[PDB]
DNA sequence: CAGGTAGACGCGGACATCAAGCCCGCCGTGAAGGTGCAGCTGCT
DNA sequence: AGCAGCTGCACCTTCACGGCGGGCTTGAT
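Structure follows, in structure tokens:
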């Protein structure tokens, strides 16, 4: 998508941007005290945005 | 089951530190379960003595502010925390993260009881407002409106009373009071139809919900497929995990005269509308639906479409 | 006595407190500071918000 | 004039003067002191 | 104590080229961990 | 002298893990 906008050469694929993520951490600096899958991913709950629009 | 005979309008309330993190996958505006628990608390405190039954809340959210920050070189955000007191022996305490937010929201609520008479017309709404000031909405206290320019009173608007032209005049005079806001509604049939559309020889259930929230800026020529309005995922109730235990068996319960049951979150879809493109104000009300023998403790906006 | 009459269930007292402090022209006032654990990466961080 | 091929510019004469202790003729010394009178950013990398 | 009626306000065509856009050095640290077991004093 | 209770210490997992942007909502007096 970067260097083939004017060209017709376009792959059969894509991407996703996911704006406004928020990271949340459960174990402070020793995440293995919570669980084992919490050690695989260190904190990073990666919460999705669901916010109301601003009027103007 | 219920259709309100009158509406009560509380003016623009303010909440200083509400709950931002509403669910294990979403953040932002709080859950409507908090508002339904709030109106049930108002019913338990005032509704018994005045012979009125309060049920249903329309959420507006005139404005919303969150206490977040974006780190340098990253597009993700983090929360601003508090500093709890020390444990003992001078040791600092382990941090447990939580988010906060500031809300300005008004809510209209439908009363249907036969305890409204000819003499009580305005003191009912005043007695409701005087009790809804010393309470909290999502863990955040309600700001009390001290000495300012001009105050804001409640309203007790009867639904069936009046001609049909006067009925549309009453609907317009109520809609003018909350026009610069929005409204949260539940769209489950749209999510099910998009499930039926997206399922084309492949199995998927929950990435459907992830698809309606992201920005599909990818397409073969690029093109950005749009969506109808602000679509947002919300926590719409719980689902059961364990069988229901008898009221005195769970060790360290909240109270010992209620059956206990282990549940988990469910996820649905919702939309933020404008309150002038609905033409029905007995709509937009949220209700509980329990089904106590199979779990699935849900809340929704019925009779919408 | 007003605070005591409010604390005893009778009323829910609402007070409004205003404080005037005389510092000097153009001096520094100190608001609250936020606890931010993850400042991202060098060359762009802030270290006081 | 005073191109780096013919070694008679300010940078070449200054680097020959202060580093290797070989002063040029007096006219080019006038030119390099007049450069320090004019002022600028003459730092290396 | 007083003070006017009426009607109309123009056309055309054009608006310039040339050359360049700085180097250097560096970006703070401290505090934010549960759980199980051995062993030590104090008490009945 | 023998259980209850408090304090000190060893054990354990994992390298940050990209930026030219990206959406959809706003009234009538």
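Chains as they are written, first to last, in the entry's author numbering: chain B, 218 to 273; chain C, 3 to 223, 239 to 322; chain I, 197 to 245; chain G, 295 to 339.
The beta carbon of each residue, even a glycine, is placed where N, CA and C say it ideally should be.
Restricting to Cα atoms, I'd like to know which of C/148, C/306, C/203 and C/294 is closest to residue 214 of chain I. Position 18 of the third chain, counting from 1, holds the residue named residue 214 of chain I. If we check each option's Cα against that of residue 214 of chain I, C/148 comes out closest.
Q) What are the residues of the region 230-243 of chain I that lie near chain C, defined by any Cβ-Cβ distance shorter than 9 angstroms? A) Residues of the region 230-243 of chain I whose Cβ lies closer than 9 angstroms to any Cβ of chain C, in chain order: 230, 231, 232, 233, 234, 235, 236, 237, 238, 239, 240, 241 and 242.
Would you grab the beta carbon distance between residue 315 of chain C and residue 306 of chain C for me? Rounded to a whole angstrom, and I think it's under 8 angstroms.
-> Taking the first residue of the second chain as position 1, residue 315 of chain C is located at position 298. Taking the first residue of the second chain as position 1, residue 306 of chain C is located at position 289. That belief holds up - the Cβ atoms of residue 315 of chain C and residue 306 of chain C are roughly 5 angstroms apart, short of 8 angstroms.
Practice prompt. Identify the contact partners of residue 203 of chain I in chain C, using a Cβ-Cβ distance below 7 angstroms as the criterion.
Written response: Counting from 1 along the third chain, the entry for residue 203 of chain I is found at position 7. Those do not exist, as residue 203 of chain I stays about 13 angstroms from chain C at its closest Cβ, beyond 7 angstroms.
Query - residue 255 of chain B, enclosing beta strand (DSSP E) - first and last residue - result: Indexing the first chain from 1 puts residue 255 of chain B at position 38. Not the beta strand (DSSP E): residue 255 of chain B falls in the alpha helix (DSSP H), residues 254-257.
Quick one: what does DSSP say residue 19 of chain C is sitting in, helix, strand or coil? Within the second chain, the letter at position 17 stands for residue 19 of chain C. In this structure, DSSP gives residue 19 of chain C an extended state, which the three-state scheme calls strand.
Requested in this report: Below 8 angstroms between beta carbons is the criterion; list the residues of the region 243-258 of chain B that meet it against any residue of chain C, in chain order.
Outcome: Look at the region 243-258 of chain B: the residues with a C-beta under 8 angstroms from a C-beta of chain C are 243 and 245.
message = Less than 8 angstroms between the beta carbons of residue 265 of chain B and residue 28 of chain C, yes or no?
response = Your numbering for residue 265 of chain B matches position 48 in the first chain. Your numbering for residue 28 of chain C matches position 26 in the second chain. Taking 8 angstroms as the Cβ cut-off, residue 265 of chain B and residue 28 of chain C qualify as a contacting pair.
- Item | For residue 57 of chain C and residue 3 of chain C, the rounded distance between their alpha carbons | Locating residue 3 of chain C in the second chain gives position 1, counting from the first residue. Locating residue 57 of chain C in the second chain gives position 55, counting from the first residue. Each residue's alpha carbon lies about 11 angstroms from the other.
*Could you check the C-alpha separation between residue 206 of chain C and residue 156 of chain C for me, to the nearest Å?*
The count along the second chain starts at 1 and reaches residue 206 of chain C at position 204. The count along the second chain starts at 1 and reaches residue 156 of chain C at position 154. If you draw a straight line from the Cα of residue 206 of chain C to the Cα of residue 156 of chain C, it is about 48 angstroms long.
Quiz item: Which of the three DSSP states, helix, strand or coil, is assigned to residue 242 of chain C?
Solution: In the second chain, residue 242 of chain C corresponds to position 225, counting from 1. Reduced to three states, the DSSP call for residue 242 of chain C is coil.
Item to check | Among C/53, C/258 and C/191, nearest to residue 116 of chain C - alpha-carbon criterion | outcome: To locate residue 116 of chain C, count along the second chain from 1; it is residue 114. Comparing Cα positions, the closest option is C/53.
Quiz item: Under a CB-based cut-off of 8 angstroms, is residue 234 of chain B close to chain C?
Solution: For the purposes of this step, residue 234 of chain B is identified with residue 17 of the first chain, where counting begins at 1. Interface residue, yes.
task = Could you please tell me which residues of the region 76-92 of chain C, in chain order, have their CB closer than 7 angstroms to any CB of chain I?
result = Residues of the region 76-92 of chain C with a Cβ closer than 7 angstroms to any Cβ of chain I, in chain order: 76, 80, 82, 83, 84 and 85.
### Query
In its own chain, which residues sit with a C-beta less than 6 angstroms from the C-beta of residue 261 of chain B, not counting the 5 before and 5 after it?
Counting from one through the first chain, the residue named residue 261 of chain B turns up at place 44. Counting only Cβ-Cβ distances below 6 angstroms, and skipping sequence neighbours, we find 240.
Answer yes if the region 228-240 of chain B comes into contact with the region 245-263 of chain C, meaning at least three C-beta pairs across the two stretches below 8 angstroms, and no otherwise.
At 8 angstroms Cβ cutoff, the stretches do not touch.
| request: Please go through the region 240-274 of chain C and give each complete beta strand (DSSP E) segment of 3 or more residues, from N-terminal end onward. | output: Complete beta strand (DSSP E) runs here, min 3: 248-251 and 255-257.
Next on the checklist: Strictly under 8 angstroms for the Cβ-Cβ distance: is residue 269 of chain C near chain I by that measure?
Outcome noted: Within the second chain, residue 269 of chain C is the residue found at index 252, counting from 1. At a cut-off of 8 angstroms, the C-beta of residue 269 of chain C has no neighbouring C-beta in chain I.
Nearest to residue 142 of chain C by alpha carbon, out of C/273, C/99, C/36 and C/12? Sequence index remark: in the second chain, residue 142 of chain C carries index 140 (1-based). Checking every option, the nearest Cα to that of residue 142 of chain C belongs to C/36.
* To do: Could you name each continuous alpha helix (DSSP H) segment of 4 residues or more that falls completely within the region 163-208 of chain C, going from the start of the chain to the end?
  => With a minimum length of 4 residues, the continuous alpha helix (DSSP H) runs that stay inside the region 163-208 of chain C are 166-177 and 191-200.
Next on the checklist: Looking at the secondary structure, which residues open and close the beta strand (DSSP E) in which residue 325 of chain G lies?
Outcome noted: What you label residue 325 of chain G is simply residue 31 of the fourth chain in a count that begins at 1. First-last for residue 325 of chain G: 320-332, but that is the alpha helix (DSSP H), not the beta strand (DSSP E).
**Study point:** Neighbourhood of residue 311 of chain C by C-beta, 8 angstroms cutoff - its chain only, sequence neighbours within 5 removed
**Key:** Counted from its first residue, the second chain places residue 311 of chain C at position 294. The answer, listed in chain order, is 257.
Integer Cβ distance of residue 185 of chain C from residue 289 of chain C, believed to fall under 8 angstroms
Position 183 of the second chain, counted from the start, is the residue given in the question as residue 185 of chain C. Position 272 of the second chain, counted from the start, is the residue given in the question as residue 289 of chain C. About 7 angstroms; that satisfies the 8 angstroms criterion.
Exercise. Residues of chain C with CB under 8 angstroms from residue 210 of chain I, in chain order?
Worked result: By 1-based counting over the third chain, the position of residue 210 of chain I is 14. Result: 146 and 148.
Backbone secondary structure at residue 318 of chain C - three-state DSSP
For the purposes of this step, residue 318 of chain C is taken as the residue at position 301 of the second chain. It is coil, neither helix nor strand.
- Query: Just to confirm, are residue 23 of chain C and residue 101 of chain C a CB contact at a threshold of 8 angstroms?
  - Reply: Looking up residue 23 of chain C in the second chain gives position 21. Looking up residue 101 of chain C in the second chain gives position 99. Yes, the Cβ-Cβ distance between residue 23 of chain C and residue 101 of chain C is below 8 angstroms.
Validate contact between the region 106-122 of chain C and the region 306-317 of chain G using beta carbons, cut 8 angstroms, 3 pairs | These segments do not touch.
Task: Neighbour-count burial assignment, residue 267 of chain B, 16 or more Cβ in a 10 Å radius - done: One-based indexing of the first chain puts residue 267 of chain B at position 50. So residue 267 of chain B counts as buried.
query = Pick from C/130, C/172, C/59 and C/170: whose alpha carbon is nearest that of residue 304 of chain C?
reply = Here residue 304 of chain C refers to the residue found at position 287 when the second chain is read from its first residue. Of the candidates C/130, C/172, C/59 and C/170, C/59 places its Cα closest to the Cα of residue 304 of chain C.
If I'm right that residue 103 of chain C touches residue 69 of chain C with Cβ under 8 angstroms, what's the distance once you round it to whole angstroms? Along the second chain, one-based indexing puts residue 103 of chain C at 101. Along the second chain, one-based indexing puts residue 69 of chain C at 67. Indeed, because the Cβ distance is near 7 angstroms, the residues count as touching under 8 angstroms.
- When we look at the beta-carbon of residue 322 of chain G and count the other beta-carbons within 10 Å, is it buried (16 or more) or exposed? Stepping through the fourth chain from its first residue, residue 322 of chain G is reached at position 28. By the 10 Å Cβ count, residue 322 of chain G comes out buried.
task = Compute the beta-carbon to beta-carbon distance between residue 114 of chain C and residue 6 of chain C, rounded to the nearest angstrom, for a pair I have assumed lies under 8 angstroms.
result = Sequence index remark: in the second chain, residue 114 of chain C carries index 112 (1-based). Sequence index remark: in the second chain, residue 6 of chain C carries index 4 (1-based). At roughly 5 angstroms, the Cβ-Cβ gap stays under 8 angstroms, so residue 114 of chain C and residue 6 of chain C are in contact.
Margin query: Using beta carbons (cut-off 8 angstroms, strictly below), is residue 136 of chain C in contact with chain I?
Written below: The residue you call residue 136 of chain C lines up with position 134 of the second chain. At least one beta carbon of chain I lies nearer than 8 angstroms to the beta carbon of residue 136 of chain C.
Quiz prompt | When C/217, C/287 and C/86 are compared against residue 193 of chain C, the one with the closest alpha-carbon | solution = Here residue 193 of chain C refers to the residue found at position 191 of the second chain. Ranking C/217, C/287 and C/86 by Cα distance to residue 193 of chain C puts C/287 first.
- Message: By alpha-carbon positions, which one of I/217, I/244, I/211 and I/222 ends up nearest to residue 235 of chain I?
- Response: Counted from its first residue, the third chain places residue 235 of chain I at position 39. With distances taken between Cα atoms, residue 235 of chain I lies closest to I/244.
Stretch pair the region 129-138 of chain C + the region 78-98 of chain C: three plus CB contacts closer than 8 angstroms
Touching, no.
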